[PDB]
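Enquirer: Here it is, the structure in full.
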Amino acid sequence: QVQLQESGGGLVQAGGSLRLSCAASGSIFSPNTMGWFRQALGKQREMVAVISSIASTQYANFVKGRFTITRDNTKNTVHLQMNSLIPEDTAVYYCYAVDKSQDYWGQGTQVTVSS
Amino acid sequence: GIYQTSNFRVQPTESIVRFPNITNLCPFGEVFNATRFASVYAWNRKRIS
Ligand SMILES: *[C@@H]1O[C@H](CO)[C@@H](O)[C@H](O)[C@H]1NC(C)=O
Ligand SMILES: *[C@@H]1O[C@H](CO)[C@@H](O)[C@H](O)[C@H]1NC(C)=O
């Protein structure tokens, strides 16, 4: 039962910065492939960035040039560096772990930006 | 005199077949009765022996 802890949400005004994070505490067979999904209330899931632990970037064009993600291989933790927030990009975000056996999802974090 | 008439033999009462059941239960409940299932591209195969 691999569990992902999601935190770093909240309410931030326009043009602010938010720092999300998800950590994998399970067995983690083989090198994994972290991911993130954005789903607005009434819309599908629009993935933000699904960088592998190695390479391939895999960045969407929705928020191109604003959002970056860092990797910490010491504990296999994940942090999101969100900047220049816009009310259009506010939705519920879920951390995604590909792993080798099966893929998992977080419990949900709320991001709301308005002015 | 003494004469030999027939031959007597004992017949088996019940037929018994046994192969060794000896093992553990088997990892099936964690597959069929699992709460969550993997996606159709991050495929979850569990080994059974
Ligand atoms: C085999 O034996 C064990 C204990 O001796 C038992 O728990 C198990 O259910 C048996 N297997 C079958 C198929 O009956
Ligand atoms: C799954 O669990 C329920 C309750 O524990 C049980 O009734 C059911 O038989 C299980 N499934 C299988 C395939 O045995």
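Those protein sequences? They're chains X and P, same order as listed. Position 85 (the first sequence) corresponds to 125 in the numbering used here; numbering is contiguous. Position 47 (the second sequence) corresponds to 152 in the numbering used here; numbering is contiguous. Idealized CB from N, CA, C, for every residue including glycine.
Do P/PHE137 and ligand 3 come close, with the Cβ less than 8 Å from some heavy atom?
Expert: Absence of ligand 3 from the depicted structure is noted, with ligand 1 and ligand 2 being the only ligands included.
Enquirer: Measuring CA to CA, which of P/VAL145, P/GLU135, P/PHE113 and P/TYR146 is closest to P/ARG152?
Expert: Residue P/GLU135 is the option with its Cα nearest to P/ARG152.
Enquirer: Do three or more CB pairs link the stretch 65-72 of chain X to the stretch 123-137 of chain P at distances below 8 Å?
Expert: Short answer: they don't touch.
Enquirer: Helix, strand or coil for residue 160 of chain P per DSSP?
Expert: Outside the shown range of chain P, which is 106 to 154, sits residue 160 of chain P, and nothing can be said about it.
Enquirer: Under 7 Å Cβ-Cβ, which residues of chain P neighbour X/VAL138?
Expert: By Cβ distance, chain P contributes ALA147.
Enquirer: Less than 9 Å between CB atoms is the rule here; does X/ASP143 satisfy it with respect to chain P?
Expert: Judged by the 9 Å Cβ criterion, X/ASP143 is in contact with chain P.
Enquirer: Go to X/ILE109, then tell me how far its beta strand (DSSP E) extends in each direction, as first and last residue.
Expert: Counting along the chain, the beta strand (DSSP E) containing X/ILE109 begins and ends at 108-112.
Enquirer: Around the Cβ of X/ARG106, are there at least 16 other Cβ atoms within 10 angstroms (buried) or fewer (exposed)?
Expert: By the 10 Å Cβ count, X/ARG106 comes out exposed.
Enquirer: Could you name the residues of the same chain whose beta carbon sits closer than 8 Å to that of X/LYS83, not counting the 5 residues immediately before and after it, in chain order?
Expert: Correct list, in chain order: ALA131.
Enquirer: I'd like to confirm something about P/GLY134: is its beta-carbon nearer than 8 Å to some heavy atom of ligand 2, or not?
Expert: Within the cutoff, so yes.
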